[PDB]
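Please read the structure below before turning to the comments.
In what follows, every chain begins at residue 1, and chains take the letters A, B, ... in the order their sequences are listed. Both backbone and side-chain heavy atoms feed into the values below; hydrogens, waters and symmetry mates do not.
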Protein chains: 2
Amino acid sequence: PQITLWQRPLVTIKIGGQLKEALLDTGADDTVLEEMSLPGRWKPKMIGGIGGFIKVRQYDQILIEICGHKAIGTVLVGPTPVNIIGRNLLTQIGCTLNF
Amino acid sequence: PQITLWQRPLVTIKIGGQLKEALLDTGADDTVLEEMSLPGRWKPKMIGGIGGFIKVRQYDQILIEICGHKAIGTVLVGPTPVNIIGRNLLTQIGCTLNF
Ligand SMILES: COC(=O)N[C@H](C(=O)NN(CCC[C@@](O)(Cc1ccccc1)C(=O)N[C@H]1c2ccccc2C[C@H]1O)Cc1ccc(Br)cc1)C(C)(C)C
């Protein structure tokens with residue numbers, strides 16, 4: 001589909017059996033979601049944004065579904081103000097910027 | 001043009017007669033650039049991101065070129081980690097997300 005930017009580009013994602021609202025963020029290297037449980041191993045990571053850095057948990061090879069499009073990749077979990085879908089997953093669903 | 005997201009969507013912008021590199025950011029509501037001088041008066045603004053909030057100076061009706069596309073709008077200046085082109089200007093150049 002084609003999503004305009006008149007409003008924040010929020011979409012529904014399915015992950016870990018839960019449905020959540022997330023922001024398609026072309027300026028985000030990674031994907032980070034608010035506190036939640038995920039299966040498998042994880043390792044700590046520090047990520048920076050405007051405002052400074054926060055500590056998150058990194059889970060690899062996680063299945064996710066964005067607008068019906070399936071993909072797999074690394075998902076970060078931590079004290080983020082909003083759920084963010086980063087480029088690591090946007091590429092997998094074939095998302096591009098056009099103008 | 002169509003921009004894929006395998007790499008950061010960094011483009012060249014022109015403001016105050018100078019060229020700078022900036023990140024096309026669909027997750028950012030506003031546009032914030034690293035410290036620089038701009039004309040006119042400014043108003044205070046707090047912008048929140050992943051690590052919290054930062055104080056910035058808000059300049060309105062500023063001329064800025066993005067990938068050759070001319071725009072005139074609000075530009076924030078402050079201690080941002082990278083120059084960010086937000087939706088306020090992405091909408092002016094007619095940018096959309098597609099997949
Ligand atoms: C590895 O680094 C990364 O990729 N980090 C990402 C990141 O922060 N990228 N920055 C883009 C900004 C991302 C963001 O859209 C997220 C966001 C959206 C909506 C609500 C809250 C937060 C945001 O902060 N938006 C705010 C904003 C920005 C400008 C003007 C007005 C506003 C209001 C908000 O919309 C750029 C960057 C920062 C630090 C570093 Br070292 C490098 C690059 C990550 C993975 C942490 C999300």
- Separation of A:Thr91 OG1 from B:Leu5 CG (nearest 0.5 Å): 7.5 Å
- Message: Using a 6.0 Å cut-off, check whether atom CD of A:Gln61 has over 12 heavy atoms from anything other than its own residue.
- Response: no
- Message: Nearest 0.5 Å, please: how far is CG in B:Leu89 from CD in B:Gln92?
- Response: 5.5 Å
- Message: Before you tell me yes or no, could you show the steps for A:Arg87 and A:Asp30 under salt bridge (charged side-chain N to carboxylate O under 4.0 Å, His left out), namely the whole-Å CA-CA distance, both residues' side-chain angles and the distance that decides it to 0.1 Å?
- Response: CA-CA 6 Å; A:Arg87 297 183 297 99; A:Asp30 319 305; over 6 Å; no
- Task: Could you tell me whether A:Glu35 atom CD has more than 12 heavy atoms of other residues or ligands within 6.0 Å of it?
- Result: yes
- Task: Answer yes if the side chains of B:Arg57 and B:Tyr59 hold a donor-acceptor pair under 3.5 Å, and no otherwise.
- Result: no
- Message: More than 12 heavy atoms of other residues, nucleotides or ligands under 6.0 Å from CZ of B:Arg41: yes or no?
- Response: no
- Interatomic distance, B:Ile15 atom CD1 to B:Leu33 atom CG [nearest 0.5 angstrom]: 5.0 Å
- Task: Tell me yes or no: between the side chains of B:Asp60 and B:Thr74, is some donor less than 3.5 Å from an acceptor?
- Result: yes
- Query: Given a cutoff of under 4.5 Å between side-chain heavy atoms of I, L, V, M, F, W and Y, with clusters grown through shared members, what are the other residues clustered with A:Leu76?
  - Reply: A:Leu10, A:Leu23, A:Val32, A:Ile47, A:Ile54, A:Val56, A:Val82, A:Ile84, B:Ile50
- Rest of the hydrophobic cluster containing A:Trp6 (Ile/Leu/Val/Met/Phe/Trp/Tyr, side-chain heavy atoms under 4.5 Å)? none
- Should A:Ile66 and A:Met36 be counted in the same cluster of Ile, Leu, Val, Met, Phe, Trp and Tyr side chains packed under 4.5 Å apart? yes
- Item | Taking every non-hydrogen atom, the tightest pair across A:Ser37 and A:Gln18 | O-NE2, 4.4 Å
- NZ on B:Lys20 to OG1 on B:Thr12, rounded to 0.5 Å: 12.0 Å
- For the residue pair A:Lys70 and A:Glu65, what are the closest heavy atoms and their distance? NZ-OE1, 3.5 Å
- Message: Minimum heavy-atom separation for B:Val77 and B:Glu34, please, with both atom names.
- Response: CG1-O, 3.7 Å
- Task: Provide the closest heavy-atom pair for A:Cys95 versus B:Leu97 in the form atom of the first, atom of the second, distance.
- Result: SG-CD2, 3.8 Å
- Item | Approximate separation, where rounding is to 0.5 Å, of A:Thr31 OG1 and A:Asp25 CG | 9.0 Å
- Item | Closest heavy-atom pair and its distance - B:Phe99, A:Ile93 | CB-O, 3.5 Å
- Message: On a heavy-atom basis, which atom in A:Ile62 and which in A:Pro39 lie closest, and how many Å separate them?
- Response: CD1-O, 3.9 Å
- Distance col, row B:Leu24:CG vs B:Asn83:CG, nearest 0.5 angstrom, shows 11.5 Å
- Task: Report the residues that fulfil side chain to side chain donor-acceptor pair (under 3.5 Å) with A:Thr96, sequence neighbours left out, ordered by chain and then residue number.
- Result: A:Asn98
- Message: Does B:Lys14, at its NZ atom, have more than 12 non-hydrogen atoms belonging to other residues, nucleotides or ligands within less than 6.0 Å?
- Response: no
- Main-chain N/O of B:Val75 paired with B:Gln58 side-chain donor or acceptor, under 3.5 Å: no
